[PDB]
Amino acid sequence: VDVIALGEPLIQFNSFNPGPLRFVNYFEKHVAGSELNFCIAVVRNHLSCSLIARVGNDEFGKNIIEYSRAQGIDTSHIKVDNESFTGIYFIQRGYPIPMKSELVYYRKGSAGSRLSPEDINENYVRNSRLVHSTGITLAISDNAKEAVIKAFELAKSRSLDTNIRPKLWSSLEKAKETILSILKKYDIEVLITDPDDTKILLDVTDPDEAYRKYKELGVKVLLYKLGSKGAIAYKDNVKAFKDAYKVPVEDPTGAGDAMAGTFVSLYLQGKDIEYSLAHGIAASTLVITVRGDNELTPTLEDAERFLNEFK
């Protein structure tokens, strides 16, 4: 496989309409989770991609496997764990901030949080081009963190999305120490991050200065996500910026994962960072127009149509 990702796939329940969850009567089910969304983007851009994860021995774990198979993700290393349940979350949409979403997790002690070094096979990982994980996987348990540290030991090249979700950590100081340890121990081929995470990790906001400090930490390429203001990619002395597009927002959840998987998979195929960035932006624009996170992540050719035709 070209790309191996480590994480916890989840079931997402989205309210049918905006508003506090206590007034929501209906919920639509989607398959999501940060690294799963990312894998969908990698496979849409025509690389093979394997998710290493656990699911519970239950309907929702089967849902995750079948969905992933349907979408062309290698599912051989999604292990069923009879010892716990498949994690899920709910999205509260547009309240109290319109066009934004808030996640309510039911995932503590889930089968996905039991991901562990035992699941990481030396030979398997060495025969891939790139290993990806995120700060979510580093947060969910000590053994998921140690799975990432092992997989990153064995990898030929690594990507990391900082993705700090404060609800998943005991403190921001714990998040910071955990993530910086990773950056200090390993070279990172593509780091994906944003102003909020970078303020916690480096205490800087300016993207030019963020790249200078991340580069010191061993990062080669930085994808710096600015949301409604676009995104910036850095590599060596190239800086590429691409503005966001205006579209009606249904749910922005997972937009960042679509952008990151698209960017990384194109970068891996030898596309330059300007092309990979513009495609990451096309992908993150399409997925926000619907409740689900990854159904609208474009293939390479569809993102090229979007880029040539939409304004």
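One rule holds for the numbers: they count along the sequence shown, beginning at 1.
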Taking the mean of the C-alpha B-factors per stretch from the entry, tell me the winner out of 245 to 253 and 57 to 65. 245 to 253
Return whichever of 76 to 84 and 104 to 112 has the greater mean Cα B factor according to the PDB record. 76 to 84
Which of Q269, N37, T262, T285 ranks first by CA B-factor in the deposited coordinates: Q269
If you rank every modelled residue in this chain by C-alpha B factor, which third holds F90: lowest, middle or highest? lowest
Lowest, middle or highest third of the chain for the C-alpha temperature factor of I192? lowest
Is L222 in the lowest, middle or highest third of its chain when residues are ranked by C-alpha B-factor? middle
Among the modelled residues of this chain, does the Cα B factor of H132 put it in the lowest, middle or highest third? lowest
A233: C-alpha B-factor third of its chain, per the entry, is the lowest
